[PDB]
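Structure, as structure tokens:
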Amino acid sequence: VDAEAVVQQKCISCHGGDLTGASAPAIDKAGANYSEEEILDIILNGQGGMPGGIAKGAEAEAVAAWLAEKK
Ligand code: HEC
């Protein structure tokens with residue numbers, strides 16, 4: 001699944017078009033902070049203001065992996 005397309009219609013909603021943060025902190029370099037597993041966990045189990053399972057399955061996995069690349 002197109003990680004970027006998903007992000008563009010699930011994450012950026014709060015994280016801003018650019019992942020720079022907006023209504024949520026910057027996840028642009030989540031991959032530098034946390035591995036795909038951890039990012040995936042957060043996507044699945046949300047965190048603080050973030051509700052969980054925003055994306056799911058290959059949607060979530062692709063995003064997590066792609067963000068693992070983003071630093
Ligand atoms: C608004 C309802 C959000 C959407 C849509 C997504 N996220 Fe989010 N995220 C949001 C907040 C407010 C926070 C901080 C939580 C708190 O209150 O403590 C986060 C956090 C993350 C993180 C961890 C960053 C950190 O706190 O160190 C990651 C890795 C993350 N979010 C990823 C992520 C992705 C990929 C999303 C689309 C599937 C996504 N978020 C949506 C708010 C919101």
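Labeling convention for the structure tokens: chains A, B, ... as they appear, residues from 1 per chain, ligands from 1 in order of appearance.
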
message = So that I can see what lies close to stretch 33-38 of chain A, please list as a PyMOL selection string the residues with an atom at most 12 Å from it, counting only C-alpha atoms and leaving out residues fewer than 5 positions away in the same chain.
response = chain A and resi 26-28+43-47+60-71

task = Could you find all residues in chain A that DSSP calls helix (DSSP H, G or I) from the backbone, and write them as a ChimeraX atom specification?
result = /A:3-8,12-15,30-33,36-45,58-69

At most 6 Å is the cut-off: for each residue in chain A with any atom that close to an atom of ligand 1, write down the nearest atom pair and the distance in Å rounded to one decimal, counting only C-alpha atoms and all ligand atoms, chain first then increasing number, as CSV.
```
residue,atom,partner,partner_atom_place_in_ligand_line,distance
A:7,CA,ligand 1,37 (C),5.3
A:10,CA,ligand 1,37 (C),4.8
A:11,CA,ligand 1,37 (C),3.3
A:13,CA,ligand 1,5 (C),5.0
A:14,CA,ligand 1,1 (C),4.1
A:24,CA,ligand 1,12 (C),4.1
A:25,CA,ligand 1,13 (C),5.7
A:27,CA,ligand 1,28 (C),5.7
A:30,CA,ligand 1,29 (C),5.3
A:39,CA,ligand 1,29 (C),4.5
A:42,CA,ligand 1,29 (C),5.8
A:43,CA,ligand 1,38 (C),5.4
A:47,CA,ligand 1,15 (C),4.7
A:48,CA,ligand 1,17 (O),3.5
A:49,CA,ligand 1,17 (O),3.8
A:50,CA,ligand 1,42 (C),3.9
A:54,CA,ligand 1,38 (C),5.4
A:55,CA,ligand 1,38 (C),4.8
A:63,CA,ligand 1,35 (C),5.8
```

query = Interatomic distance between atom CA of residue A:59 and atom CA of residue A:40?
reply =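 These atoms are spaced 10.0 Å apart.
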
request  = Record the distance separating atom CA of residue A:2 and atom CA of residue A:23, expressed in Å with one decimal.
outcome  = 23.3 Å

inquiry  = At a cut-off of 7 Å, using only C-alpha atoms, what residues contact residue A:8? Leave out same-chain residues fewer than 4 positions from it and give the result as a list in words.
reply    =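 Near residue A:8, the qualifying residues are residues 4, 12 and 17 of chain A.
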